[PDB]
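What follows is query.cif (mmCIF, C-alpha atoms and all ligand atoms; chains and numbers go by the auth columns).
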data_work
#
loop_
_atom_site.group_PDB
_atom_site.id
_atom_site.type_symbol
_atom_site.label_atom_id
_atom_site.label_comp_id
_atom_site.label_asym_id
_atom_site.label_seq_id
_atom_site.Cartn_x
_atom_site.Cartn_y
_atom_site.Cartn_z
_atom_site.B_iso_or_equiv
_atom_site.auth_seq_id
_atom_site.auth_asym_id
ATOM 1 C CA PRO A 1 25.819 23.208 6.094 0.00 25 A
ATOM 2 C CA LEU A 2 26.084 21.590 9.548 0.00 26 A
ATOM 3 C CA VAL A 3 29.118 23.793 10.263 0.00 27 A
ATOM 4 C CA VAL A 4 27.101 26.882 9.326 0.00 28 A
ATOM 5 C CA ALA A 5 24.062 25.806 11.343 0.00 29 A
ATOM 6 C CA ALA A 6 26.143 25.008 14.445 0.00 30 A
ATOM 7 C CA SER A 7 28.038 28.312 14.196 0.00 31 A
ATOM 8 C CA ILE A 8 24.815 30.344 13.910 0.00 32 A
ATOM 9 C CA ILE A 9 23.369 28.587 16.966 0.00 33 A
ATOM 10 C CA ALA A 10 26.607 29.130 18.902 0.00 34 A
ATOM 11 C CA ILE A 11 26.757 32.847 18.098 0.00 35 A
ATOM 12 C CA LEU A 12 23.060 33.369 18.840 0.00 36 A
ATOM 13 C CA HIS A 13 23.494 31.624 22.194 0.00 37 A
ATOM 14 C CA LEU A 14 26.516 33.843 22.952 0.00 38 A
ATOM 15 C CA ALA A 15 24.561 36.992 22.084 0.00 39 A
ATOM 16 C CA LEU A 16 21.580 35.952 24.195 0.00 40 A
ATOM 17 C CA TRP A 17 23.764 34.880 27.141 0.00 41 A
ATOM 18 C CA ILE A 18 25.490 38.285 27.162 0.00 42 A
ATOM 19 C CA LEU A 19 22.214 40.149 26.770 0.00 43 A
ATOM 20 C CA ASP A 20 20.680 38.411 29.764 0.00 44 A
ATOM 21 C CA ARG A 21 23.630 39.485 31.923 0.00 45 A
ATOM 22 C CA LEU A 22 23.947 43.121 30.788 0.00 46 A
HETATM 23 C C1 LIG B . 35.003 24.998 7.378 0.00 1 W
HETATM 24 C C2 LIG B . 34.170 23.735 7.329 0.00 1 W
HETATM 25 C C3 LIG B . 34.239 23.095 5.954 0.00 1 W
HETATM 26 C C4 LIG B . 33.405 23.885 4.969 0.00 1 W
HETATM 27 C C5 LIG B . 33.303 23.115 3.676 0.00 1 W
HETATM 28 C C6 LIG B . 32.641 23.951 2.601 0.00 1 W
HETATM 29 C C7 LIG B . 32.243 23.056 1.433 0.00 1 W
HETATM 30 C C8 LIG B . 30.871 22.447 1.771 0.00 1 W
HETATM 31 O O1 LIG B . 30.817 21.165 1.190 0.00 1 W
HETATM 32 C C9 LIG B . 29.811 21.089 0.225 0.00 1 W
HETATM 33 O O2 LIG B . 28.587 21.306 0.882 0.00 1 W
HETATM 34 C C10 LIG B . 27.577 21.638 -0.027 0.00 1 W
HETATM 35 C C11 LIG B . 26.214 21.256 0.660 0.00 1 W
HETATM 36 O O3 LIG B . 25.290 22.295 0.384 0.00 1 W
HETATM 37 C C12 LIG B . 27.705 20.834 -1.390 0.00 1 W
HETATM 38 O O4 LIG B . 28.303 21.741 -2.310 0.00 1 W
HETATM 39 C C13 LIG B . 28.607 19.549 -1.310 0.00 1 W
HETATM 40 O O5 LIG B . 27.687 18.526 -0.950 0.00 1 W
HETATM 41 C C14 LIG B . 29.754 19.632 -0.267 0.00 1 W
HETATM 42 O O6 LIG B . 30.929 19.307 -0.968 0.00 1 W
#
As a first step, turn the structure in this file into structure tokens.
Ligand SMILES: CCCCCCCCO[C@@H]1O[C@H](CO)[C@@H](O)[C@H](O)[C@H]1O
Amino acid sequence: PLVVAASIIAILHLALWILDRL
């Protein structure tokens, strides 16, 4: 479950980081 939680946070951060810079 920590692997899943960390991966979700990492992917959300990636998506938001890209969005901000589009
Ligand atoms: C790729 C990273 C390893 C993934 C391991 C998947 C097995 C998860 O491990 C399981 O976690 C569950 C907790 O809800 C429970 O079934 C057990 O406590 C644990 O064995």
Review point. With all atoms listed in the file as the basis for distance, which of A:27, A:46, A:40, A:34 is at the shortest distance from ligand LIG 1 (chain W)?
Key: A:27
The PyMOL selection byres (((not hetatm)) within 9 of (chain W and resi 1)) resolved against shown file, as a JSON list (two decimals) with C-alpha atoms, keeping the file's coordinate frame:
[["chain", "number", "residue", "atom", "x", "y", "z"],
["A", 25, "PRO", "CA", 25.82, 23.21, 6.09],
["A", 26, "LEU", "CA", 26.08, 21.59, 9.55],
["A", 27, "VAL", "CA", 29.12, 23.79, 10.26],
["A", 28, "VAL", "CA", 27.10, 26.88, 9.33]]
Hey, can I get the axis-aligned box for stretch 37-46 of chain A? All listed atoms, 8 Å padding on each side, centre and edge lengths in Å to one decimal, as AutoDock Vina command-line options.
--center_x 23.6 --center_y 37.4 --center_z 27.0 --size_x 21.8 --size_y 27.5 --size_z 25.8
